[PDB]
file protein12.pdb (PDB, C-alpha atoms)
ATOM      1  CA  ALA A   1      16.930 -61.806 -17.405  1.00  0.00           C
ATOM      2  CA  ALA A   2      14.086 -61.922 -14.777  1.00  0.00           C
ATOM      3  CA  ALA A   3      12.777 -60.580 -11.358  1.00  0.00           C
ATOM      4  CA  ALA A   4      13.482 -56.805 -11.851  1.00  0.00           C
ATOM      5  CA  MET A   5      12.464 -56.759 -15.568  1.00  0.00           C
ATOM      6  CA  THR A   6       8.677 -56.743 -14.696  1.00  0.00           C
ATOM      7  CA  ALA A   7       8.560 -52.931 -14.196  1.00  0.00           C
ATOM      8  CA  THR A   8      10.952 -50.803 -16.415  1.00  0.00           C
ATOM      9  CA  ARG A   9      14.341 -49.135 -15.858  1.00  0.00           C
ATOM     10  CA  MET A  10      23.561 -29.933 -21.232  1.00  0.00           C
ATOM     11  CA  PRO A  11      25.157 -26.446 -21.661  1.00  0.00           C
ATOM     12  CA  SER A  12      23.230 -23.108 -21.306  1.00  0.00           C
ATOM     13  CA  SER A  13      19.502 -22.242 -20.783  1.00  0.00           C
ATOM     14  CA  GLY A  14      20.352 -18.560 -20.048  1.00  0.00           C
ATOM     15  CA  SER A  15      17.612 -17.126 -17.768  1.00  0.00           C
ATOM     16  CA  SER A  16      17.799 -13.402 -16.812  1.00  0.00           C
ATOM     17  CA  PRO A  17      15.370 -12.080 -14.045  1.00  0.00           C
ATOM     18  CA  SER A  18      16.979 -13.934 -10.952  1.00  0.00           C
ATOM     19  CA  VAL A  19      16.251 -13.160  -7.161  1.00  0.00           C
ATOM     20  CA  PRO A  20      15.907  -9.245  -6.968  1.00  0.00           C
ATOM     21  CA  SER A  21      12.969  -6.971  -5.953  1.00  0.00           C
ATOM     22  CA  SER A  22      10.033  -5.515  -7.945  1.00  0.00           C
ATOM     23  CA  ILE A  23      10.227  -2.117  -9.831  1.00  0.00           C
ATOM     24  CA  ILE A  24       7.874   0.951 -10.347  1.00  0.00           C
ATOM     25  CA  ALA A  25       7.754   4.247 -12.431  1.00  0.00           C
ATOM     26  CA  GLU A  26       6.393   7.894 -12.620  1.00  0.00           C
ATOM     27  CA  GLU A  27       6.360  10.782 -15.271  1.00  0.00           C
ATOM     28  CA  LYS A  28       6.890  14.144 -13.359  1.00  0.00           C
ATOM     29  CA  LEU A  29      10.457  14.523 -14.640  1.00  0.00           C
ATOM     30  CA  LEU A  30      13.536  16.779 -15.041  1.00  0.00           C
ATOM     31  CA  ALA A  31      13.816  20.321 -13.647  1.00  0.00           C
ATOM     32  CA  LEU A  32      17.480  19.420 -12.930  1.00  0.00           C
ATOM     33  CA  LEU A  33      19.149  20.694 -16.093  1.00  0.00           C
ATOM     34  CA  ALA A  34      18.333  24.278 -14.974  1.00  0.00           C
ATOM     35  CA  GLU A  35      20.366  24.149 -11.685  1.00  0.00           C
ATOM     36  CA  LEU A  36      23.507  23.058 -13.557  1.00  0.00           C
ATOM     37  CA  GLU A  37      23.202  26.516 -15.182  1.00  0.00           C
ATOM     38  CA  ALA A  38      21.983  28.226 -11.894  1.00  0.00           C
ATOM     39  CA  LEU A  39      25.064  26.920 -10.069  1.00  0.00           C
ATOM     40  CA  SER A  40      27.576  27.905 -12.779  1.00  0.00           C
ATOM     41  CA  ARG A  41      25.836  31.337 -13.236  1.00  0.00           C
ATOM     42  CA  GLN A  42      25.908  32.186  -9.523  1.00  0.00           C
ATOM     43  CA  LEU A  43      29.506  30.883  -9.339  1.00  0.00           C
ATOM     44  CA  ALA A  44      30.438  33.561 -11.896  1.00  0.00           C
ATOM     45  CA  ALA A  45      28.508  36.207  -9.921  1.00  0.00           C
ATOM     46  CA  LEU A  46      30.738  35.378  -6.868  1.00  0.00           C
ATOM     47  CA  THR A  47      33.924  36.091  -8.846  1.00  0.00           C
ATOM     48  CA  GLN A  48      32.304  39.121 -10.471  1.00  0.00           C
ATOM     49  CA  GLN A  49      31.891  40.793  -7.067  1.00  0.00           C
ATOM     50  CA  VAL A  50      35.269  39.672  -5.760  1.00  0.00           C
ATOM     51  CA  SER A  51      36.433  41.754  -8.743  1.00  0.00           C
ATOM     52  CA  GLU A  52      34.229  44.644  -7.513  1.00  0.00           C
ATOM     53  CA  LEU A  53      36.161  44.647  -4.227  1.00  0.00           C
ATOM     54  CA  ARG A  54      39.506  44.783  -6.089  1.00  0.00           C
ATOM     55  CA  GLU A  55      38.370  47.388  -8.675  1.00  0.00           C
ATOM     56  CA  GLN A  56      37.279  49.703  -5.789  1.00  0.00           C
ATOM     57  CA  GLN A  57      40.357  49.013  -3.565  1.00  0.00           C
ATOM     58  CA  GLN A  58      42.626  49.895  -6.553  1.00  0.00           C
ATOM     59  CA  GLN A  59      41.139  53.473  -6.634  1.00  0.00           C
TER      60      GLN A  59
ATOM     61  CA  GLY B   1     -12.335 -42.658  41.556  1.00  0.00           C
ATOM     62  CA  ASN B   2     -12.534 -42.331  37.741  1.00  0.00           C
ATOM     63  CA  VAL B   3      -9.532 -43.244  35.547  1.00  0.00           C
ATOM     64  CA  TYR B   4      -7.081 -40.469  34.704  1.00  0.00           C
ATOM     65  CA  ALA B   5      -7.834 -38.807  31.338  1.00  0.00           C
ATOM     66  CA  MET B   6      -7.326 -35.890  28.991  1.00  0.00           C
ATOM     67  CA  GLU B   7      -9.839 -34.658  26.421  1.00  0.00           C
ATOM     68  CA  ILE B   8      -9.719 -33.579  22.747  1.00  0.00           C
ATOM     69  CA  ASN B   9     -12.337 -32.123  20.364  1.00  0.00           C
ATOM     70  CA  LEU B  10     -11.349 -34.295  17.373  1.00  0.00           C
ATOM     71  CA  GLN B  11     -14.000 -32.896  15.041  1.00  0.00           C
ATOM     72  CA  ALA B  12     -13.029 -29.248  15.645  1.00  0.00           C
ATOM     73  CA  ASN B  13      -9.357 -30.190  15.119  1.00  0.00           C
ATOM     74  CA  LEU B  14     -10.135 -31.897  11.767  1.00  0.00           C
ATOM     75  CA  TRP B  15     -12.229 -28.885  10.665  1.00  0.00           C
ATOM     76  CA  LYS B  16      -9.478 -26.350  11.572  1.00  0.00           C
ATOM     77  CA  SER B  17      -6.938 -28.654   9.885  1.00  0.00           C
ATOM     78  CA  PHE B  18      -9.125 -28.522   6.738  1.00  0.00           C
ATOM     79  CA  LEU B  19      -9.680 -24.726   6.858  1.00  0.00           C
ATOM     80  CA  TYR B  20      -6.097 -23.679   7.590  1.00  0.00           C
ATOM     81  CA  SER B  21      -4.302 -25.782   4.982  1.00  0.00           C
ATOM     82  CA  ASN B  22      -6.983 -25.355   2.262  1.00  0.00           C
ATOM     83  CA  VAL B  23      -7.955 -21.658   2.778  1.00  0.00           C
ATOM     84  CA  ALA B  24      -5.718 -19.750   5.228  1.00  0.00           C
ATOM     85  CA  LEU B  25      -2.523 -20.671   3.329  1.00  0.00           C
ATOM     86  CA  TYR B  26      -4.116 -19.444   0.053  1.00  0.00           C
ATOM     87  CA  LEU B  27      -5.087 -15.956   1.320  1.00  0.00           C
ATOM     88  CA  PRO B  28      -3.416 -13.043  -0.585  1.00  0.00           C
ATOM     89  CA  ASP B  29       0.112 -12.109   0.557  1.00  0.00           C
ATOM     90  CA  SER B  30      -1.183  -8.901   2.236  1.00  0.00           C
ATOM     91  CA  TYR B  31      -2.852 -11.033   4.991  1.00  0.00           C
ATOM     92  CA  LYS B  32       0.445 -12.808   5.841  1.00  0.00           C
ATOM     93  CA  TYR B  33       3.496 -11.578   7.782  1.00  0.00           C
ATOM     94  CA  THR B  34       7.159 -12.584   8.188  1.00  0.00           C
ATOM     95  CA  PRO B  35       8.129 -14.174  11.580  1.00  0.00           C
ATOM     96  CA  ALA B  36      10.272 -12.282  14.138  1.00  0.00           C
ATOM     97  CA  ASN B  37      13.693 -13.763  13.114  1.00  0.00           C
ATOM     98  CA  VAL B  38      13.231 -15.385   9.657  1.00  0.00           C
ATOM     99  CA  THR B  39      14.623 -13.960   6.371  1.00  0.00           C
ATOM    100  CA  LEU B  40      12.869 -14.472   3.003  1.00  0.00           C
ATOM    101  CA  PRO B  41      14.315 -13.652  -0.468  1.00  0.00           C
ATOM    102  CA  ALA B  42      13.300 -10.209  -1.790  1.00  0.00           C
ATOM    103  CA  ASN B  43      11.725 -11.877  -4.874  1.00  0.00           C
ATOM    104  CA  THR B  44       8.045 -12.350  -3.833  1.00  0.00           C
ATOM    105  CA  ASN B  45       7.443 -14.907  -6.656  1.00  0.00           C
ATOM    106  CA  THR B  46       9.946 -17.474  -5.240  1.00  0.00           C
ATOM    107  CA  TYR B  47       8.959 -20.625  -3.369  1.00  0.00           C
ATOM    108  CA  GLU B  48      11.105 -19.590  -0.370  1.00  0.00           C
ATOM    109  CA  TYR B  49       9.021 -16.419   0.046  1.00  0.00           C
ATOM    110  CA  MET B  50       5.615 -18.152  -0.556  1.00  0.00           C
TER     111      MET B  50
END
call {"tool": "encode", "arguments": {"input": "protein12.pdb", "output": "structure tokens"}}
result
Amino acid sequence: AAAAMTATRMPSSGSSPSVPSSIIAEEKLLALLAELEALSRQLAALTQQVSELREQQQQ
Amino acid sequence: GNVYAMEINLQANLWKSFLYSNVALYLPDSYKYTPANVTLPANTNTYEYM
């Protein structure tokens, strides 16, 4: 009634960026698709000359 | 002899107290450093880091 009455008396907000580091970029990209063919070409050339041992030993 | 005493430059202390809190703490992050054995979050925009 008196004394104190003179003054006065959720779910999901879904953030995303959190506490990780900063990020950067560059545009000098992508030789790498050539080596996948270099590697599998030269791999064949190994077997090709293993065959050239065998095809001369068989003579 | 004279009474025992110690001496303080109060004015210089108040002026450094003004300068440090109002200007040194606001310098760009590149002027600051991290203490010898204190770890700060990697996110440089956090309060913990600042």
call {"tool": "residues_around", "arguments": {"input": "protein12.pdb", "residues": "residue 19 of chain A", "least_positions_apart": "5", "cutoff": "8 Å", "atoms": "all atoms listed in the file", "output": "PyMOL selection string"}}
result
chain B and resi 41-43+46
call {"tool": "closest_atom_pairs", "arguments": {"input": "protein12.pdb", "of": "chain A", "to": "chain B", "cutoff": "8 Å", "atoms": "all atoms listed in the file", "output": "JSON lines"}}
result
{"residue": "A:19", "atom": "CA", "partner": "B:43", "partner_atom": "CA", "distance": 5.2}
{"residue": "A:20", "atom": "CA", "partner": "B:43", "partner_atom": "CA", "distance": 5.4}
{"residue": "A:21", "atom": "CA", "partner": "B:43", "partner_atom": "CA", "distance": 5.2}
{"residue": "A:22", "atom": "CA", "partner": "B:43", "partner_atom": "CA", "distance": 7.3}
call {"tool": "atom_distance", "arguments": {"input": "protein12.pdb", "atom1": "atom CA of residue 37 of chain B", "atom2": "atom CA of residue 25 of chain B"}}
result
20.2 Å
call {"tool": "atom_distance", "arguments": {"input": "protein12.pdb", "atom1": "atom CA of residue 48 of chain A", "atom2": "atom CA of residue 34 of chain A"}}
result
20.9 Å
call {"tool": "atom_distance", "arguments": {"input": "protein12.pdb", "atom1": "atom CA of residue 29 of chain B", "atom2": "atom CA of residue 48 of chain B"}}
result
13.3 Å
call {"tool": "axis_aligned_box", "arguments": {"input": "protein12.pdb", "around": "segment 31-38 of chain A", "padding_each_side": "6 Å", "output": "JSON"}}
result
{"center_x": 18.7, "center_y": 23.8, "center_z": -13.9, "size_x": 21.7, "size_y": 20.8, "size_z": 16.4}
call {"tool": "residues_near_point", "arguments": {"input": "protein12.pdb", "point": "(2.6, -17.2, 0.2)", "cutoff": "8 Å", "atoms": "only C-alpha atoms", "output": "list in words"}}
result
residues 25, 26, 27, 28, 29, 32, 49 and 50 of chain B
call {"tool": "build_atoms", "arguments": {"input": "protein12.pdb", "residues": "segment 8-28 of chain B", "atoms": "N, CA and C atoms", "output": "PDB file, in the coordinates of the input"}}
result
ATOM      1  N   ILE B   8      -9.966 -34.246  24.024  1.00  0.00           N
ATOM      2  CA  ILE B   8      -9.719 -33.579  22.747  1.00  0.00           C
ATOM      3  C   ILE B   8     -11.018 -33.435  21.946  1.00  0.00           C
ATOM      4  N   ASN B   9     -11.281 -32.269  21.360  1.00  0.00           N
ATOM      5  CA  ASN B   9     -12.337 -32.123  20.364  1.00  0.00           C
ATOM      6  C   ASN B   9     -11.806 -32.532  18.984  1.00  0.00           C
ATOM      7  N   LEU B  10     -11.900 -33.812  18.634  1.00  0.00           N
ATOM      8  CA  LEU B  10     -11.349 -34.295  17.373  1.00  0.00           C
ATOM      9  C   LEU B  10     -12.000 -33.639  16.169  1.00  0.00           C
ATOM     10  N   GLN B  11     -13.310 -33.449  16.193  1.00  0.00           N
ATOM     11  CA  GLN B  11     -14.000 -32.896  15.041  1.00  0.00           C
ATOM     12  C   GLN B  11     -13.566 -31.457  14.784  1.00  0.00           C
ATOM     13  N   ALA B  12     -13.495 -30.615  15.808  1.00  0.00           N
ATOM     14  CA  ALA B  12     -13.029 -29.248  15.645  1.00  0.00           C
ATOM     15  C   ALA B  12     -11.585 -29.196  15.142  1.00  0.00           C
ATOM     16  N   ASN B  13     -10.715 -30.077  15.624  1.00  0.00           N
ATOM     17  CA  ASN B  13      -9.357 -30.190  15.119  1.00  0.00           C
ATOM     18  C   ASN B  13      -9.303 -30.566  13.642  1.00  0.00           C
ATOM     19  N   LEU B  14     -10.076 -31.550  13.184  1.00  0.00           N
ATOM     20  CA  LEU B  14     -10.135 -31.897  11.767  1.00  0.00           C
ATOM     21  C   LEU B  14     -10.702 -30.753  10.923  1.00  0.00           C
ATOM     22  N   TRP B  15     -11.677 -30.004  11.423  1.00  0.00           N
ATOM     23  CA  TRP B  15     -12.229 -28.885  10.665  1.00  0.00           C
ATOM     24  C   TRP B  15     -11.236 -27.728  10.575  1.00  0.00           C
ATOM     25  N   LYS B  16     -10.546 -27.357  11.657  1.00  0.00           N
ATOM     26  CA  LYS B  16      -9.478 -26.350  11.572  1.00  0.00           C
ATOM     27  C   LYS B  16      -8.327 -26.789  10.683  1.00  0.00           C
ATOM     28  N   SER B  17      -7.954 -28.062  10.749  1.00  0.00           N
ATOM     29  CA  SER B  17      -6.938 -28.654   9.885  1.00  0.00           C
ATOM     30  C   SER B  17      -7.340 -28.535   8.413  1.00  0.00           C
ATOM     31  N   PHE B  18      -8.605 -28.781   8.076  1.00  0.00           N
ATOM     32  CA  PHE B  18      -9.125 -28.522   6.738  1.00  0.00           C
ATOM     33  C   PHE B  18      -9.051 -27.045   6.377  1.00  0.00           C
ATOM     34  N   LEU B  19      -9.634 -26.152   7.169  1.00  0.00           N
ATOM     35  CA  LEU B  19      -9.680 -24.726   6.858  1.00  0.00           C
ATOM     36  C   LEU B  19      -8.313 -24.072   6.726  1.00  0.00           C
ATOM     37  N   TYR B  20      -7.386 -24.346   7.634  1.00  0.00           N
ATOM     38  CA  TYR B  20      -6.097 -23.679   7.590  1.00  0.00           C
ATOM     39  C   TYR B  20      -5.325 -24.039   6.330  1.00  0.00           C
ATOM     40  N   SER B  21      -5.099 -25.328   6.113  1.00  0.00           N
ATOM     41  CA  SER B  21      -4.302 -25.782   4.982  1.00  0.00           C
ATOM     42  C   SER B  21      -4.961 -25.495   3.641  1.00  0.00           C
ATOM     43  N   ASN B  22      -6.292 -25.559   3.531  1.00  0.00           N
ATOM     44  CA  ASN B  22      -6.983 -25.355   2.262  1.00  0.00           C
ATOM     45  C   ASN B  22      -7.445 -23.927   1.987  1.00  0.00           C
ATOM     46  N   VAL B  23      -7.506 -23.039   2.976  1.00  0.00           N
ATOM     47  CA  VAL B  23      -7.955 -21.658   2.778  1.00  0.00           C
ATOM     48  C   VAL B  23      -7.016 -20.632   3.391  1.00  0.00           C
ATOM     49  N   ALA B  24      -6.609 -20.752   4.654  1.00  0.00           N
ATOM     50  CA  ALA B  24      -5.718 -19.750   5.228  1.00  0.00           C
ATOM     51  C   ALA B  24      -4.424 -19.617   4.429  1.00  0.00           C
ATOM     52  N   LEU B  25      -3.769 -20.722   4.085  1.00  0.00           N
ATOM     53  CA  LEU B  25      -2.523 -20.671   3.329  1.00  0.00           C
ATOM     54  C   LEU B  25      -2.667 -20.067   1.939  1.00  0.00           C
ATOM     55  N   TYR B  26      -3.872 -19.989   1.385  1.00  0.00           N
ATOM     56  CA  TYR B  26      -4.116 -19.444   0.053  1.00  0.00           C
ATOM     57  C   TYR B  26      -4.573 -17.993   0.075  1.00  0.00           C
ATOM     58  N   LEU B  27      -4.711 -17.363   1.245  1.00  0.00           N
ATOM     59  CA  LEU B  27      -5.087 -15.956   1.320  1.00  0.00           C
ATOM     60  C   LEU B  27      -4.011 -15.098   0.623  1.00  0.00           C
ATOM     61  N   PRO B  28      -4.367 -13.932   0.061  1.00  0.00           N
ATOM     62  CA  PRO B  28      -3.416 -13.043  -0.585  1.00  0.00           C
ATOM     63  C   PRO B  28      -2.240 -12.698   0.331  1.00  0.00           C
TER      64      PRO B  28
END
